[PDB]
Structure formats: C-alpha cells, structure tokens
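Trainee: Next comes structure04.json, JSON, C-alpha atoms:
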```
[["chain", "number", "residue", "atom", "x", "y", "z"],
["A", 1, "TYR", "CA", 0.00, 0.00, 0.00],
["A", 2, "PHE", "CA", 1.34, 3.28, -1.24],
["A", 3, "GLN", "CA", -1.52, 5.22, 0.27],
["A", 4, "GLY", "CA", -0.41, 8.40, 2.04],
["A", 5, "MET", "CA", 3.25, 7.97, 1.08],
["A", 6, "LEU", "CA", 5.56, 10.92, 1.83],
["A", 7, "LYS", "CA", 8.28, 12.53, -0.29],
["A", 8, "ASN", "CA", 11.59, 10.61, -0.26],
["A", 9, "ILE", "CA", 10.59, 8.31, 2.61],
["A", 10, "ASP", "CA", 10.31, 4.53, 1.91],
["A", 11, "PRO", "CA", 6.52, 3.95, 1.79],
["A", 12, "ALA", "CA", 6.87, 0.59, 3.63],
["A", 13, "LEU", "CA", 7.45, 2.63, 6.80],
["A", 14, "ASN", "CA", 3.95, 3.17, 8.17],
["A", 15, "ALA", "CA", 3.07, 5.92, 10.64],
["A", 16, "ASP", "CA", 3.51, 3.79, 13.81],
["A", 17, "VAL", "CA", 6.96, 2.57, 12.59],
["A", 18, "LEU", "CA", 8.10, 6.08, 11.57],
["A", 19, "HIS", "CA", 7.08, 7.34, 15.01],
["A", 20, "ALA", "CA", 9.13, 4.61, 16.75],
["A", 21, "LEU", "CA", 12.16, 5.14, 14.55],
["A", 22, "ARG", "CA", 12.10, 8.91, 15.16],
["A", 23, "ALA", "CA", 11.39, 8.68, 18.93],
["A", 24, "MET", "CA", 14.23, 6.26, 19.71],
["A", 25, "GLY", "CA", 17.41, 7.65, 21.27],
["A", 26, "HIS", "CA", 21.03, 6.92, 20.39],
["A", 27, "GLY", "CA", 21.70, 3.40, 21.57],
["A", 28, "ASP", "CA", 18.07, 2.33, 21.80],
["A", 29, "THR", "CA", 17.38, -1.04, 20.14],
["A", 30, "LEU", "CA", 14.62, -2.53, 18.00],
["A", 31, "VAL", "CA", 13.88, -6.08, 16.83],
["A", 32, "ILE", "CA", 12.90, -6.94, 13.26],
["A", 33, "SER", "CA", 11.09, -10.26, 13.67],
["A", 34, "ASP", "CA", 10.01, -13.08, 11.36],
["A", 35, "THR", "CA", 6.63, -14.81, 11.65],
["A", 36, "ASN", "CA", 8.12, -17.51, 13.90],
["A", 37, "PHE", "CA", 9.21, -15.30, 16.80],
["A", 38, "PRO", "CA", 6.66, -14.75, 19.61],
["A", 39, "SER", "CA", 6.33, -11.11, 18.70],
["A", 40, "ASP", "CA", 3.05, -10.48, 20.52],
["A", 41, "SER", "CA", 4.25, -11.65, 23.90],
["A", 42, "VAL", "CA", 7.71, -10.06, 23.57],
["A", 43, "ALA", "CA", 6.29, -6.73, 22.32],
["A", 44, "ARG", "CA", 4.17, -6.38, 25.53],
["A", 45, "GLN", "CA", 7.50, -5.89, 27.37],
["A", 46, "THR", "CA", 8.93, -3.25, 25.00],
["A", 47, "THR", "CA", 8.66, 0.53, 25.32],
["A", 48, "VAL", "CA", 6.04, 0.66, 22.56],
["A", 49, "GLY", "CA", 4.10, -2.17, 24.24],
["A", 50, "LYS", "CA", 2.49, -3.58, 21.08],
["A", 51, "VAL", "CA", 3.80, -5.27, 17.88],
["A", 52, "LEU", "CA", 4.56, -2.93, 14.98],
["A", 53, "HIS", "CA", 4.56, -4.23, 11.38],
["A", 54, "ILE", "CA", 6.14, -3.90, 7.93],
["A", 55, "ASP", "CA", 3.76, -6.51, 6.66],
["A", 56, "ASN", "CA", 4.18, -9.09, 3.93],
["A", 57, "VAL", "CA", 7.77, -8.12, 3.22],
["A", 58, "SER", "CA", 10.94, -10.20, 3.66],
["A", 59, "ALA", "CA", 13.37, -9.44, 6.51],
["A", 60, "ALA", "CA", 15.80, -7.96, 3.96],
["A", 61, "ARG", "CA", 13.09, -5.67, 2.51],
["A", 62, "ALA", "CA", 12.21, -4.58, 6.05],
["A", 63, "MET", "CA", 15.87, -3.94, 6.84],
["A", 64, "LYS", "CA", 16.17, -1.83, 3.66],
["A", 65, "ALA", "CA", 13.17, 0.25, 4.67],
["A", 66, "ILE", "CA", 14.29, 0.73, 8.26],
["A", 67, "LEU", "CA", 17.92, 1.59, 7.40],
["A", 68, "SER", "CA", 16.79, 4.09, 4.77],
["A", 69, "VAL", "CA", 15.98, 6.38, 7.74],
["A", 70, "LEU", "CA", 17.65, 4.82, 10.80],
["A", 71, "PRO", "CA", 21.35, 5.50, 11.43],
["A", 72, "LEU", "CA", 23.11, 2.48, 12.99],
["A", 73, "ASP", "CA", 25.62, 2.78, 15.85],
["A", 74, "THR", "CA", 28.35, 1.19, 13.64],
["A", 75, "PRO", "CA", 31.04, 3.87, 14.30],
["A", 76, "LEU", "CA", 30.85, 2.94, 17.99],
["A", 77, "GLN", "CA", 29.82, -0.76, 18.19],
["A", 78, "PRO", "CA", 28.56, -3.63, 16.02],
["A", 79, "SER", "CA", 24.93, -2.59, 15.60],
["A", 80, "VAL", "CA", 23.03, -5.43, 14.05],
["A", 81, "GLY", "CA", 22.68, -8.68, 16.01],
["A", 82, "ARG", "CA", 21.44, -11.90, 14.38],
["A", 83, "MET", "CA", 20.37, -15.22, 15.91],
["A", 84, "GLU", "CA", 22.99, -17.92, 16.19],
["A", 85, "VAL", "CA", 22.01, -21.14, 14.43],
["A", 86, "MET", "CA", 21.95, -23.82, 17.13],
["A", 87, "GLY", "CA", 25.43, -25.38, 17.57],
["A", 88, "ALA", "CA", 26.93, -23.35, 14.70],
["A", 89, "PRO", "CA", 27.87, -19.81, 15.78],
["A", 90, "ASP", "CA", 29.42, -18.90, 12.40],
["A", 91, "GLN", "CA", 26.71, -20.39, 10.18],
["A", 92, "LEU", "CA", 24.54, -17.99, 8.15],
["A", 93, "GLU", "CA", 21.12, -18.81, 6.73],
["A", 94, "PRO", "CA", 19.89, -17.43, 3.38],
["A", 95, "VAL", "CA", 17.51, -15.04, 5.21],
["A", 96, "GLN", "CA", 20.53, -13.71, 7.12],
["A", 97, "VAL", "CA", 22.85, -13.24, 4.13],
["A", 98, "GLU", "CA", 20.11, -11.26, 2.33],
["A", 99, "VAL", "CA", 19.75, -8.96, 5.35],
["A", 100, "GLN", "CA", 23.54, -8.46, 5.55],
["A", 101, "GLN", "CA", 23.44, -7.10, 1.98],
["A", 102, "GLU", "CA", 21.00, -4.37, 3.07],
["A", 103, "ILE", "CA", 23.16, -3.43, 6.02],
["A", 104, "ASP", "CA", 26.31, -3.15, 3.89],
["A", 105, "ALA", "CA", 24.37, -1.19, 1.25],
["A", 106, "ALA", "CA", 23.12, 1.32, 3.90],
["A", 107, "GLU", "CA", 26.59, 1.66, 5.49],
["A", 108, "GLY", "CA", 28.51, 1.73, 2.21],
["A", 109, "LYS", "CA", 31.07, -0.59, 3.87],
["A", 110, "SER", "CA", 31.27, -4.09, 5.34],
["A", 111, "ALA", "CA", 29.43, -4.20, 8.67],
["A", 112, "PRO", "CA", 29.07, -7.93, 9.57],
["A", 113, "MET", "CA", 26.28, -8.78, 12.00],
["A", 114, "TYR", "CA", 27.28, -10.14, 15.39],
["A", 115, "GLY", "CA", 25.81, -13.40, 16.69],
["A", 116, "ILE", "CA", 23.44, -13.71, 19.64],
["A", 117, "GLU", "CA", 22.44, -17.03, 21.29],
["A", 118, "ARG", "CA", 18.70, -17.82, 21.18],
["A", 119, "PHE", "CA", 18.03, -17.23, 24.86],
["A", 120, "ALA", "CA", 20.06, -14.04, 25.03],
["A", 121, "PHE", "CA", 18.28, -12.81, 21.87],
["A", 122, "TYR", "CA", 14.86, -13.23, 23.53],
["A", 123, "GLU", "CA", 15.99, -11.44, 26.66],
["A", 124, "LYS", "CA", 17.48, -8.55, 24.63],
["A", 125, "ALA", "CA", 14.27, -8.38, 22.60],
["A", 126, "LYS", "CA", 12.27, -7.79, 25.78],
["A", 127, "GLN", "CA", 14.48, -4.73, 26.49],
["A", 128, "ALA", "CA", 14.04, -3.23, 23.01],
["A", 129, "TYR", "CA", 12.17, -0.01, 22.21],
["A", 130, "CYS", "CA", 9.93, -2.00, 19.85],
["A", 131, "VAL", "CA", 9.41, -5.19, 17.86],
["A", 132, "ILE", "CA", 8.62, -4.74, 14.19],
["A", 133, "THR", "CA", 7.35, -7.94, 12.63],
["A", 134, "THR", "CA", 7.37, -8.78, 8.91],
["A", 135, "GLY", "CA", 6.16, -11.34, 6.38],
["A", 136, "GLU", "CA", 9.45, -13.24, 6.72],
["A", 137, "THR", "CA", 8.59, -16.93, 7.20],
["A", 138, "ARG", "CA", 12.08, -18.41, 7.12],
["A", 139, "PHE", "CA", 13.75, -19.64, 10.30],
["A", 140, "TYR", "CA", 16.24, -17.34, 12.12],
["A", 141, "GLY", "CA", 14.84, -14.23, 10.46],
["A", 142, "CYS", "CA", 15.11, -11.97, 13.50],
["A", 143, "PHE", "CA", 17.55, -9.10, 14.02],
["A", 144, "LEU", "CA", 18.44, -6.65, 16.78],
["A", 145, "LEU", "CA", 19.34, -3.12, 15.58],
["A", 146, "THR", "CA", 21.02, -0.40, 17.64],
["A", 147, "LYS", "CA", 20.29, 3.21, 16.66],
["A", 148, "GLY", "CA", 23.28, 5.42, 15.99],
["A", 149, "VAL", "CA", 23.54, 9.19, 15.77],
["A", 150, "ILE", "CA", 23.80, 11.66, 12.91],
["A", 151, "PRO", "CA", 26.46, 14.45, 13.16],
["B", 1, "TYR", "CA", 16.88, 19.53, 19.42],
["B", 2, "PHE", "CA", 18.60, 17.24, 17.00],
["B", 3, "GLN", "CA", 18.27, 14.27, 19.30],
["B", 4, "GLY", "CA", 17.18, 11.10, 17.51],
["B", 5, "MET", "CA", 17.22, 12.72, 14.07],
["B", 6, "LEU", "CA", 16.78, 10.37, 11.08],
["B", 7, "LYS", "CA", 18.62, 10.23, 7.76],
["B", 8, "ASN", "CA", 17.41, 12.83, 5.22],
["B", 9, "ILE", "CA", 14.32, 13.82, 7.22],
["B", 10, "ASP", "CA", 14.08, 17.42, 8.55],
["B", 11, "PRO", "CA", 14.84, 17.03, 12.29],
["B", 12, "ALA", "CA", 12.17, 19.64, 13.22],
["B", 13, "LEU", "CA", 9.58, 16.94, 12.45],
["B", 14, "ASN", "CA", 9.15, 15.14, 15.76],
["B", 15, "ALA", "CA", 7.71, 11.64, 16.07],
["B", 16, "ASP", "CA", 4.07, 12.74, 16.70],
["B", 17, "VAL", "CA", 4.20, 15.11, 13.67],
["B", 18, "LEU", "CA", 5.82, 12.49, 11.39],
["B", 19, "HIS", "CA", 3.10, 10.03, 12.41],
["B", 20, "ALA", "CA", 0.34, 12.53, 11.52],
["B", 21, "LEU", "CA", 1.91, 13.49, 8.22],
["B", 22, "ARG", "CA", 2.31, 9.82, 7.20],
["B", 23, "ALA", "CA", -1.16, 8.71, 8.42],
["B", 24, "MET", "CA", -3.10, 11.42, 6.57],
["B", 25, "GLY", "CA", -4.88, 10.48, 3.35],
["B", 26, "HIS", "CA", -5.00, 12.34, 0.04],
["B", 27, "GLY", "CA", -7.15, 15.38, 0.63],
["B", 28, "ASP", "CA", -6.89, 15.37, 4.42],
["B", 29, "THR", "CA", -6.03, 18.78, 5.88],
["B", 30, "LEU", "CA", -3.81, 20.10, 8.67],
["B", 31, "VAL", "CA", -3.46, 23.52, 10.30],
["B", 32, "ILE", "CA", -0.11, 25.15, 11.03],
["B", 33, "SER", "CA", -0.96, 27.61, 13.81],
["B", 34, "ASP", "CA", 0.72, 30.63, 15.39],
["B", 35, "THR", "CA", 0.71, 31.27, 19.15],
["B", 36, "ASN", "CA", -2.40, 33.44, 18.85],
["B", 37, "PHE", "CA", -4.81, 30.81, 17.51],
["B", 38, "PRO", "CA", -6.79, 28.80, 20.12],
["B", 39, "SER", "CA", -4.93, 25.65, 19.20],
["B", 40, "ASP", "CA", -5.80, 23.68, 22.33],
["B", 41, "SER", "CA", -9.54, 24.03, 21.99],
["B", 42, "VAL", "CA", -9.54, 23.56, 18.19],
["B", 43, "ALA", "CA", -7.22, 20.51, 18.36],
["B", 44, "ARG", "CA", -9.72, 18.68, 20.66],
["B", 45, "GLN", "CA", -12.02, 18.52, 17.60],
["B", 46, "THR", "CA", -9.42, 17.18, 15.15],
["B", 47, "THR", "CA", -8.70, 13.55, 14.29],
["B", 48, "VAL", "CA", -5.51, 13.60, 16.38],
["B", 49, "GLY", "CA", -7.42, 15.18, 19.29],
["B", 50, "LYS", "CA", -4.45, 17.03, 20.83],
["B", 51, "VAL", "CA", -2.14, 19.90, 19.71],
["B", 52, "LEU", "CA", 1.04, 18.82, 17.91],
["B", 53, "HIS", "CA", 4.10, 21.11, 17.84],
["B", 54, "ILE", "CA", 7.12, 22.26, 15.81],
["B", 55, "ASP", "CA", 8.15, 24.44, 18.69],
["B", 56, "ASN", "CA", 9.97, 27.74, 18.74],
["B", 57, "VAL", "CA", 10.14, 27.99, 14.97],
["B", 58, "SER", "CA", 8.54, 30.57, 12.66],
["B", 59, "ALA", "CA", 5.53, 29.62, 10.50],
["B", 60, "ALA", "CA", 7.81, 29.66, 7.43],
["B", 61, "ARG", "CA", 10.33, 27.31, 9.11],
["B", 62, "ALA", "CA", 7.45, 25.00, 10.06],
["B", 63, "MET", "CA", 6.10, 25.11, 6.50],
["B", 64, "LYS", "CA", 9.57, 24.22, 5.18],
["B", 65, "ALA", "CA", 9.78, 21.24, 7.50],
["B", 66, "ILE", "CA", 6.28, 19.99, 6.75],
["B", 67, "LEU", "CA", 6.55, 20.39, 2.96],
["B", 68, "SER", "CA", 9.91, 18.61, 2.93],
["B", 69, "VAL", "CA", 7.86, 15.40, 3.37],
["B", 70, "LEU", "CA", 4.23, 16.32, 2.66],
["B", 71, "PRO", "CA", 3.03, 16.45, -0.96],
["B", 72, "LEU", "CA", 0.42, 19.20, -1.50],
["B", 73, "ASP", "CA", -2.72, 18.69, -3.60],
["B", 74, "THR", "CA", -1.62, 21.52, -5.98],
["B", 75, "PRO", "CA", -2.12, 19.55, -9.25],
["B", 76, "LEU", "CA", -5.80, 19.23, -8.31],
["B", 77, "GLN", "CA", -6.71, 22.30, -6.20],
["B", 78, "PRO", "CA", -5.13, 25.27, -4.41],
["B", 79, "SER", "CA", -3.72, 23.52, -1.35],
["B", 80, "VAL", "CA", -2.59, 26.11, 1.11],
["B", 81, "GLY", "CA", -5.19, 28.41, 2.68],
["B", 82, "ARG", "CA", -4.22, 31.55, 4.63],
["B", 83, "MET", "CA", -6.28, 33.85, 6.84],
["B", 84, "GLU", "CA", -7.78, 36.92, 5.22],
["B", 85, "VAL", "CA", -6.73, 40.15, 6.91],
["B", 86, "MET", "CA", -9.95, 41.77, 8.12],
["B", 87, "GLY", "CA", -11.49, 43.96, 5.37],
["B", 88, "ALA", "CA", -8.58, 43.36, 2.97],
["B", 89, "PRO", "CA", -8.90, 40.01, 1.14],
["B", 90, "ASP", "CA", -5.79, 40.61, -1.03],
["B", 91, "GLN", "CA", -3.51, 41.96, 1.71],
["B", 92, "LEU", "CA", -0.54, 39.82, 2.76],
["B", 93, "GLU", "CA", 1.31, 40.13, 6.06],
["B", 94, "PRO", "CA", 5.09, 39.57, 6.38],
["B", 95, "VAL", "CA", 4.46, 36.22, 8.13],
["B", 96, "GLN", "CA", 2.36, 35.18, 5.11],
["B", 97, "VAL", "CA", 4.83, 36.25, 2.41],
["B", 98, "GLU", "CA", 7.61, 34.28, 4.16],
["B", 99, "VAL", "CA", 5.42, 31.17, 4.18],
["B", 100, "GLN", "CA", 4.57, 31.61, 0.48],
["B", 101, "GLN", "CA", 8.31, 31.42, -0.29],
["B", 102, "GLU", "CA", 8.48, 27.96, 1.31],
["B", 103, "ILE", "CA", 5.49, 26.75, -0.64],
["B", 104, "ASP", "CA", 6.91, 27.95, -3.96],
["B", 105, "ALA", "CA", 10.30, 26.45, -3.06],
["B", 106, "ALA", "CA", 8.71, 23.03, -2.31],
["B", 107, "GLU", "CA", 6.56, 23.11, -5.49],
["B", 108, "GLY", "CA", 9.28, 24.54, -7.74],
["B", 109, "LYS", "CA", 6.58, 26.82, -9.24],
["B", 110, "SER", "CA", 4.26, 29.63, -8.18],
["B", 111, "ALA", "CA", 1.47, 28.26, -5.98],
["B", 112, "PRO", "CA", -0.25, 31.31, -4.39],
["B", 113, "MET", "CA", -2.18, 30.64, -1.20],
["B", 114, "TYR", "CA", -5.94, 31.11, -1.29],
["B", 115, "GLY", "CA", -7.69, 33.33, 1.25],
["B", 116, "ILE", "CA", -10.06, 32.12, 3.96],
["B", 117, "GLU", "CA", -12.25, 34.40, 6.11],
["B", 118, "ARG", "CA", -11.56, 34.20, 9.88],
["B", 119, "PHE", "CA", -14.75, 32.38, 10.79],
["B", 120, "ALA", "CA", -14.52, 29.91, 7.93],
["B", 121, "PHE", "CA", -10.85, 29.30, 8.83],
["B", 122, "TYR", "CA", -11.81, 28.30, 12.40],
["B", 123, "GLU", "CA", -14.55, 25.99, 11.18],
["B", 124, "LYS", "CA", -12.21, 24.34, 8.64],
["B", 125, "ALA", "CA", -9.57, 23.98, 11.36],
["B", 126, "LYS", "CA", -12.01, 21.96, 13.48],
["B", 127, "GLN", "CA", -12.36, 19.50, 10.55],
["B", 128, "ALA", "CA", -8.60, 19.06, 10.07],
["B", 129, "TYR", "CA", -6.64, 15.88, 10.75],
["B", 130, "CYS", "CA", -4.45, 17.86, 13.17],
["B", 131, "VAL", "CA", -3.27, 21.25, 14.38],
["B", 132, "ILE", "CA", 0.48, 21.76, 14.52],
["B", 133, "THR", "CA", 1.40, 24.85, 16.50],
["B", 134, "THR", "CA", 4.69, 26.76, 16.26],
["B", 135, "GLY", "CA", 6.67, 29.57, 17.87],
["B", 136, "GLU", "CA", 5.18, 32.04, 15.39],
["B", 137, "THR", "CA", 3.97, 35.07, 17.38],
["B", 138, "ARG", "CA", 2.94, 37.34, 14.52],
["B", 139, "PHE", "CA", -0.73, 37.92, 13.73],
["B", 140, "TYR", "CA", -2.38, 35.90, 10.91],
["B", 141, "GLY", "CA", 0.28, 33.19, 11.07],
["B", 142, "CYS", "CA", -2.08, 30.26, 10.51],
["B", 143, "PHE", "CA", -2.35, 28.09, 7.40],
["B", 144, "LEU", "CA", -4.51, 25.23, 6.16],
["B", 145, "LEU", "CA", -2.66, 22.58, 4.09],
["B", 146, "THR", "CA", -4.26, 19.89, 1.93],
["B", 147, "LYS", "CA", -2.27, 16.69, 1.40],
["B", 148, "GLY", "CA", -1.70, 15.63, -2.18],
["B", 149, "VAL", "CA", -0.58, 12.30, -3.60],
["B", 150, "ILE", "CA", 2.70, 10.97, -4.97],
["B", 151, "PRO", "CA", 2.61, 9.01, -8.29]]
```
Step by step, read the file and then write its structure as structure tokens.
Mentor:
Amino acid sequence: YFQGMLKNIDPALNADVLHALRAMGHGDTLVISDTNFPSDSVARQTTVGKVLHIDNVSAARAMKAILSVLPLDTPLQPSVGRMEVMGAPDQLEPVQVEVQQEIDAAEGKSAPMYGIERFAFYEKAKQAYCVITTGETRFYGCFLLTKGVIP
Amino acid sequence: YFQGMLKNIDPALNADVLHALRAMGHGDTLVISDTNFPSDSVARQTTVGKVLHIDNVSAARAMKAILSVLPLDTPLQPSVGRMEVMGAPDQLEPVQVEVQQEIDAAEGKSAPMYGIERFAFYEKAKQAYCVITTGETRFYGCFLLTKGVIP
C-alpha cells in the first residue's frame, strides 16, 4: 500500500513505525522479527508495548526500509545482532545473508552482524524499544538493531 | 533539538508530527498555527485530538519542515489556505509572504495561497486531521494545508 506515502521516505514505513524510529534515542534497540518469533508476547514488554509491522515483506526488505531512515551505531559498536544457528555460531542462513546485503548497502562498507544465542536474543528483545514484525517466514529471520547518531 | 534525528528527514519533524503526516490520506487537511490561535480548543475537535508542535520555529520554518515530506494537492486544487486580513482580502502580512516562499520552493513553481475568512478558517480547522502549533507570534500566522498524492 502506497496510500499516504511521503516525499523521499520509503513507503513501507507506516506511521507507527516512523514514530518509533524517530522517537528512539542513540543506543536504543529494535527487533525486526520473522513470523516464527513470539512477537506479541515479547512486544508487551517493549517501550512501545504492542507489535509494529512492515507486513508481507521479507526481513531484507524490512531492513532496507528501516535503514533508509535509521542510522546504525556502527562507528561505535557492532549494531546489528542476528540469531545464532543452534550449535553453529558462524553459520549464516539465506535469510541472514540477504539482510547483511542491506546493512552493507546502507553503510557503504562491510558491517558484519554479530551473533546472539537464542536465549540471550529473547531477553534482549524484551528490552528493546519495539518489535517490528514482517512477512518473513524463514527460520532465524530476527535481528536486533542499535540506533546510531547523525552528526 | 537534533536528538534522535533520522537520515534525510528534517529534524524539526518530531515523532508525533511524522506520524500525523504519514497517516493522513490524500485530501486530508492540517493547520499550522501561530501562538495566537486557540490551538488547544480547536485541536480537541481534530482527528488527532491534541495539539502537535514544531516548537519555537517561525511559521515559514514550520512550513519548510512539513513540505519537505508532505506532498500538496496543488495539481488538483489550491492547497494552502491563509487567513484573510480583516477587510482586505488581497492583503498579505510579512508572516504570510515568508510562508509563500516555502510553498513555492517546495513546489518549484508559483502556488499562491488562497484566502479564507476568519470564521470559515476556524470551522475548517475543526475539521482538520491535526493542528500543529509553532513559535510564530505574529498575527495571521495560521495556514490550512491539503495533502496531495505521490505518483
């Protein structure tokens, strides 16, 4: 839906998502979740308190939309966390490699995601500013972003 | 305050204003108000139901920020209304000429504001999606914008 789209802002960012992205401080986090993650329960614990959506799109498409406006904290710390595949900390899934492309495109440099164990990922998610769920059905399609700061 | 600013989005647009601008449909209206207008009472009647703010800035600075993201309905109808100076429908105040510059800059063509009588302006304001007040202290510093549509 293109309805109500604004000038030079990715139309996939709906009003509730734009609000969250703008209201977050430097160092605040958000989760982009797939359809598998328990987004409803986890979102109840976040600052926003309800699940936000970039619906029907892949995790990579969601990442592209979010990073088109959101600076990442890359100059100061690795700023996109991914889930670790069980028993294989270095393994990347197709859904994850696609998302990495969007991060590197937004940064204009290599910015590899850092791994987070499943349990730790859930606990970090509960401390996020918001959860933004997507149409991503593939396993391990969740990411933890840390907002940076524009000079 | 630059805190939390996003990439390529005028930082004067806070989260509540960005939300409103994105959530409005084609043909929805908003009021940019000066400090003189009864923004609190009028805003209670709008869709948003509370006064939004681009604080401390002039009406023209507010217009610049809003039009940096908001398409106007100019291809279809005159899309910025101004208050008519009492007994002088064609007269423009300094606050109004400044705002016209921002409109023409955003449109890249001449798009003269249309006049609205005081009483009509108030009644239209009550039907707006939102009122966004500013630091504009000068008289007649209120405007009625109509959202357009991007192809």
Trainee: Please identify all polymer residues within 8 Å of residue A:150, counting all atoms listed in the file, omitting same-chain residues fewer than 4 positions from it, and present them as a ChimeraX atom specification.
Mentor: /A:71 /B:5-7
Trainee: Which residue gives the smallest distance to residue A:68 among A:137, A:18, A:106, A:114, with all atoms listed in the file counted?
Mentor: A:106
Trainee: Can I have chain A aligned to chain B? Use a least-squares fit on all Cα atoms paired in order and write it out as a CSV table (one decimal) with C-alpha atoms, in the frame of the given file.
Mentor:
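Done, and the output landed in selection_34.csv:
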```csv
chain,number,residue,atom,x,y,z
A,1,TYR,CA,16.9,19.5,19.4
A,2,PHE,CA,18.6,17.2,17.0
A,3,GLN,CA,18.3,14.3,19.3
A,4,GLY,CA,17.2,11.1,17.5
A,5,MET,CA,17.2,12.7,14.1
A,6,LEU,CA,16.8,10.4,11.1
A,7,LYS,CA,18.6,10.2,7.8
A,8,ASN,CA,17.4,12.8,5.2
A,9,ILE,CA,14.3,13.8,7.2
A,10,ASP,CA,14.1,17.4,8.6
A,11,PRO,CA,14.8,17.0,12.3
A,12,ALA,CA,12.2,19.6,13.2
A,13,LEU,CA,9.6,16.9,12.4
A,14,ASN,CA,9.2,15.1,15.8
A,15,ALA,CA,7.7,11.6,16.1
A,16,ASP,CA,4.1,12.7,16.7
A,17,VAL,CA,4.2,15.1,13.7
A,18,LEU,CA,5.8,12.5,11.4
A,19,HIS,CA,3.1,10.0,12.4
A,20,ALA,CA,0.3,12.5,11.5
A,21,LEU,CA,1.9,13.5,8.2
A,22,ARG,CA,2.3,9.8,7.2
A,23,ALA,CA,-1.2,8.7,8.4
A,24,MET,CA,-3.1,11.4,6.6
A,25,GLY,CA,-4.9,10.5,3.4
A,26,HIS,CA,-5.0,12.3,0.0
A,27,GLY,CA,-7.2,15.4,0.6
A,28,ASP,CA,-6.9,15.4,4.4
A,29,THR,CA,-6.0,18.8,5.9
A,30,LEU,CA,-3.8,20.1,8.7
A,31,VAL,CA,-3.5,23.5,10.3
A,32,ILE,CA,-0.1,25.2,11.0
A,33,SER,CA,-1.0,27.6,13.8
A,34,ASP,CA,0.7,30.6,15.4
A,35,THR,CA,0.7,31.3,19.1
A,36,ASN,CA,-2.4,33.4,18.8
A,37,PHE,CA,-4.8,30.8,17.5
A,38,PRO,CA,-6.8,28.8,20.1
A,39,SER,CA,-4.9,25.6,19.2
A,40,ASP,CA,-5.8,23.7,22.3
A,41,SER,CA,-9.5,24.0,22.0
A,42,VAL,CA,-9.5,23.6,18.2
A,43,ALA,CA,-7.2,20.5,18.4
A,44,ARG,CA,-9.7,18.7,20.7
A,45,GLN,CA,-12.0,18.5,17.6
A,46,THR,CA,-9.4,17.2,15.1
A,47,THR,CA,-8.7,13.5,14.3
A,48,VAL,CA,-5.5,13.6,16.4
A,49,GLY,CA,-7.4,15.2,19.3
A,50,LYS,CA,-4.5,17.0,20.8
A,51,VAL,CA,-2.1,19.9,19.7
A,52,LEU,CA,1.0,18.8,17.9
A,53,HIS,CA,4.1,21.1,17.8
A,54,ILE,CA,7.1,22.3,15.8
A,55,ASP,CA,8.1,24.4,18.7
A,56,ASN,CA,10.0,27.7,18.7
A,57,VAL,CA,10.1,28.0,15.0
A,58,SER,CA,8.5,30.6,12.7
A,59,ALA,CA,5.5,29.6,10.5
A,60,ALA,CA,7.8,29.7,7.4
A,61,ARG,CA,10.3,27.3,9.1
A,62,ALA,CA,7.4,25.0,10.1
A,63,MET,CA,6.1,25.1,6.5
A,64,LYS,CA,9.6,24.2,5.2
A,65,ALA,CA,9.8,21.2,7.5
A,66,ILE,CA,6.3,20.0,6.8
A,67,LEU,CA,6.6,20.4,3.0
A,68,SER,CA,9.9,18.6,2.9
A,69,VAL,CA,7.9,15.4,3.4
A,70,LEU,CA,4.2,16.3,2.7
A,71,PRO,CA,3.0,16.4,-1.0
A,72,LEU,CA,0.4,19.2,-1.5
A,73,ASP,CA,-2.7,18.7,-3.6
A,74,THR,CA,-1.6,21.5,-6.0
A,75,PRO,CA,-2.1,19.5,-9.2
A,76,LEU,CA,-5.8,19.2,-8.3
A,77,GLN,CA,-6.7,22.3,-6.2
A,78,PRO,CA,-5.1,25.3,-4.4
A,79,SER,CA,-3.7,23.5,-1.3
A,80,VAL,CA,-2.6,26.1,1.1
A,81,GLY,CA,-5.2,28.4,2.7
A,82,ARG,CA,-4.2,31.5,4.6
A,83,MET,CA,-6.3,33.9,6.8
A,84,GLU,CA,-7.8,36.9,5.2
A,85,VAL,CA,-6.7,40.2,6.9
A,86,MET,CA,-10.0,41.8,8.1
A,87,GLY,CA,-11.5,44.0,5.4
A,88,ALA,CA,-8.6,43.4,3.0
A,89,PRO,CA,-8.9,40.0,1.1
A,90,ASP,CA,-5.8,40.6,-1.0
A,91,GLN,CA,-3.5,42.0,1.7
A,92,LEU,CA,-0.5,39.8,2.8
A,93,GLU,CA,1.3,40.1,6.1
A,94,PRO,CA,5.1,39.6,6.4
A,95,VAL,CA,4.5,36.2,8.1
A,96,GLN,CA,2.4,35.2,5.1
A,97,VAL,CA,4.8,36.3,2.4
A,98,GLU,CA,7.6,34.3,4.2
A,99,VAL,CA,5.4,31.2,4.2
A,100,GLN,CA,4.6,31.6,0.5
A,101,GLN,CA,8.3,31.4,-0.3
A,102,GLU,CA,8.5,28.0,1.3
A,103,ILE,CA,5.5,26.8,-0.6
A,104,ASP,CA,6.9,27.9,-4.0
A,105,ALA,CA,10.3,26.5,-3.1
A,106,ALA,CA,8.7,23.0,-2.3
A,107,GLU,CA,6.6,23.1,-5.5
A,108,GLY,CA,9.3,24.5,-7.7
A,109,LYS,CA,6.6,26.8,-9.2
A,110,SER,CA,4.3,29.6,-8.2
A,111,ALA,CA,1.5,28.3,-6.0
A,112,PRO,CA,-0.3,31.3,-4.4
A,113,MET,CA,-2.2,30.6,-1.2
A,114,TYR,CA,-5.9,31.1,-1.3
A,115,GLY,CA,-7.7,33.3,1.2
A,116,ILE,CA,-10.1,32.1,4.0
A,117,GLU,CA,-12.3,34.4,6.1
A,118,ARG,CA,-11.6,34.2,9.9
A,119,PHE,CA,-14.8,32.4,10.8
A,120,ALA,CA,-14.5,29.9,7.9
A,121,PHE,CA,-10.9,29.3,8.8
A,122,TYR,CA,-11.8,28.3,12.4
A,123,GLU,CA,-14.5,26.0,11.2
A,124,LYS,CA,-12.2,24.3,8.6
A,125,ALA,CA,-9.6,24.0,11.4
A,126,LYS,CA,-12.0,22.0,13.5
A,127,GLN,CA,-12.4,19.5,10.5
A,128,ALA,CA,-8.6,19.1,10.1
A,129,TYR,CA,-6.6,15.9,10.7
A,130,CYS,CA,-4.4,17.9,13.2
A,131,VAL,CA,-3.3,21.3,14.4
A,132,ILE,CA,0.5,21.8,14.5
A,133,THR,CA,1.4,24.8,16.5
A,134,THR,CA,4.7,26.8,16.3
A,135,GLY,CA,6.7,29.6,17.9
A,136,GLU,CA,5.2,32.0,15.4
A,137,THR,CA,4.0,35.1,17.4
A,138,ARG,CA,2.9,37.3,14.5
A,139,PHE,CA,-0.7,37.9,13.7
A,140,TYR,CA,-2.4,35.9,10.9
A,141,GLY,CA,0.3,33.2,11.1
A,142,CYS,CA,-2.1,30.3,10.5
A,143,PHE,CA,-2.3,28.1,7.4
A,144,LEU,CA,-4.5,25.2,6.2
A,145,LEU,CA,-2.7,22.6,4.1
A,146,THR,CA,-4.3,19.9,1.9
A,147,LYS,CA,-2.3,16.7,1.4
A,148,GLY,CA,-1.7,15.6,-2.2
A,149,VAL,CA,-0.6,12.3,-3.6
A,150,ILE,CA,2.7,11.0,-5.0
A,151,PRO,CA,2.6,9.0,-8.3
```
Trainee: Enter the distance from atom CA of residue B:70 to atom CA of residue B:30, in Å, rounded to one decimal.
Mentor: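 Straight-line distance from atom CA of residue B:70 to atom CA of residue B:30 works out to 10.7 Å.
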Trainee: Enumerate as a ChimeraX atom specification the residues belonging to chain A that approach chain B to within 12 Å, with all atoms listed in the file taken into account.
Mentor: /A:2-28,65-73,106-107,147-151
